[PDB]
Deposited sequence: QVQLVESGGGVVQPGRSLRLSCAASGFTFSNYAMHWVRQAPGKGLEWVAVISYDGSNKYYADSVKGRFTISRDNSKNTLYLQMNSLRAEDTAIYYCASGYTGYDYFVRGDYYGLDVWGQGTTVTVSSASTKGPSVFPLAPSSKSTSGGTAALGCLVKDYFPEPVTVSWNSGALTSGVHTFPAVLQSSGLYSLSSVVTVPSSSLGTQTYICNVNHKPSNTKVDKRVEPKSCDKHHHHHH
């Protein structure tokens, strides 16, 4: 039972570099071709690069040729993707993949199969500085919540009443504004008549900036 596990993802500023890795277990790695595929947030899959079993043949998607470089260490069963001169359009999840090496009569040469997918690693390319969020109350069966405003990079976690409150909680996905900073909301729907007797505190945690914020939400 084969497994491919990627590492080396994260946040870097445009024009910098980054080496992705792909750990392969469960098959004779040095005999299979190896791919890189990426998915921009909310975009489709885009094929990036492929490398043959011995490393003597490499092919690249047009959009990365000159900047990226695929390689492999067969002694370590590891696949690499060197990204250079990174652009904000290189922000995506990067998967590695493996396959057989077949002969195709319509190409009259090798094709490289892609039949096993990795789990993924995330790469964020931005001209933004680490920054904690501002937390504002969305004061009010009724709904109330927390606006987690203008942070970078992801992620931020939101528990309510220190986790003691979970039914009716929904934390939305982040949004990326034209400022380059992220925002999300966490909302909870509550029994209407609980507002005078219970307290609602959302716990916003942003490890990238050591920011932890407890914000109490009261009625207007």
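S.K.: What are the unmodelled segments when the structure is compared with the full deposited sequence, in sequence order?
M.R.: Coordinates drop out over 141-148, 229-238.
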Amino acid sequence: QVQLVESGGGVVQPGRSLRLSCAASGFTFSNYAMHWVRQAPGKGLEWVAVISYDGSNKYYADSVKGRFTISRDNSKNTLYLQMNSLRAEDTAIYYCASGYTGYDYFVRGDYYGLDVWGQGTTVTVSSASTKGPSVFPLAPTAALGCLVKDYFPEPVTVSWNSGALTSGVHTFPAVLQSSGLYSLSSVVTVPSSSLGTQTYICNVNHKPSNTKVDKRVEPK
From here on, numbers count along this sequence of modelled residues.
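S.K.: Would you mind comparing 173-181 and 33-41 for me and telling me which has the higher average C-alpha temperature factor in the entry?
M.R.: Higher of the two, by average CA B-factor, is 173-181.
S.K.: When the CA B-factors of 75, 98, 101, 84 are compared as recorded in the entry, which is the largest?
M.R.: Answer for 75, 98, 101, 84: 75, with the highest C-alpha B-factor.
S.K.: Can you tell me whether residue 17 has a C-alpha B-factor in the lowest, middle or highest third compared with the other modelled residues of the same chain?
M.R.: For residue 17, the deposited C-alpha B-factor lands in the lowest third.
S.K.: Residue 91: which third of its chain by C-alpha temperature factor?
M.R.: Bottom third by C-alpha B-factor.
S.K.: By the recorded C-alpha temperature factor, relative to the other modelled residues in its chain, which third is residue 159 in?
M.R.: Ranked within chain, residue 159 CA B lands in the middle tercile.
S.K.: Can you tell me which third, lowest, middle or highest, the CA B-factor of residue 120 falls into for its chain?
M.R.: It falls in the middle third of the chain.
S.K.: Among all modelled residues of this chain, ranked by Cα B factor, put residue 193 in the bottom, middle or top third, i.e. lowest, middle or highest.
M.R.: Within its chain, residue 193 is a highest-third residue by C-alpha B-factor, going by the deposited values.
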